[PDB]
């Protein structure tokens, strides 16, 4: 028997409109990209509704776990929400509060200035710290198989799948090539290189374009749009093949520990603060920690960074995107009653693509997907695979980068 004492949820924001619409995306397909109901990068109403489903589900299961009351609003900081400054993250926090505790108006805290980046969600972005250029380069290239040419060489079945969905042979980038005595290939038409600077890593060309476009197809599906990918994505094998290109870029750029440890350090500190038993104390964002429930509205990069830094690996059954809209990395502190010891469990909770496509209300009898994770570095584990509080504490202390803390 274990008793749930605390939960921290790091969530990607919900479904949002594509953040840019470029000439290159026009040039790789003869077809017209469907337009979205909100501004570039904003949360869609359906995106908010899907988040509220997770909030409602989390209320049900946390009531069943005895952590929140069945009726009424949580009292005095029992639930806290922090969100990145972006509209889509702020609105994700509002949607989660609306599902978790409807009509309770739980405050969605942000940093003071909502017009500039919050270093909690990436300390490299405000120059708190810097990447190690040489070491990051070598690390990403090794994980790519030794070169980006080697990386794309194995993924060419998936690139051909993307070309079919695009009808790439009939695109402007194809047809305006000269001459035509040569076949059309995304990877060869758009050579891909790794670019590393003190504040960012990125991939150029086909690799980054493919990661973006396959995510757009998935967002079209989750948004309920009539025919994602111009109706040329027709079974789950095709979805899994397409999104493998997106997961592969995040594996290189955001999971690689030489990037992830730095980029995740502020979130590691906040998470460890929320999970550690201590007298309640007002801290960052004016939130009092520890408390019962902390929900943090961030981004796919944050999920990937935390997984890379903590050595948490996952694939999501029925959800082709490893870092899907509204995907939740769920940290829990459990007290084992046999000796009143403290234990940390980590999970990935997510809506399957069909649960998004169908706008399926979630509940105890229709739950989201959930993957139980293990901290690979943990040396002190209980019968349920949880890491001891002290073991988890050492892992975070070893994984974090002190220069990157706030």
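Residue numbers count along the first chain shown, from 1.
- Relative to one another, 371-379 and 338-346 have unequal mean CA B-factors, and 371-379 is the one with the higher figure.
- Judged by mean Cα B factor in the deposited record, 281-289 ranks above the other of 75-83 and 281-289.
- Of the residues listed, 315, 89, 170, 223, the entry assigns the biggest Cα temperature factor to 170.
- The residue among 386, 24, 17, 396 whose C-alpha atom has the highest B-factor in the PDB entry is 17.
- Remark: residue 246 belongs to the lowest third of its chain, ranked by C-alpha B-factor as recorded.
- Split the chain's modelled residues into thirds by C-alpha temperature factor. Residue 152 is in the middle one.
- Annotation for residue 208: CA B-factor lies in the middle third of the chain's modelled residues.
- Ranked against the other modelled residues of its chain, the C-alpha B-factor of residue 143 as given in the entry falls in the middle third.
- When the CA B factors of the chain's modelled residues are split into thirds, the value for residue 28 lands in the middle one.
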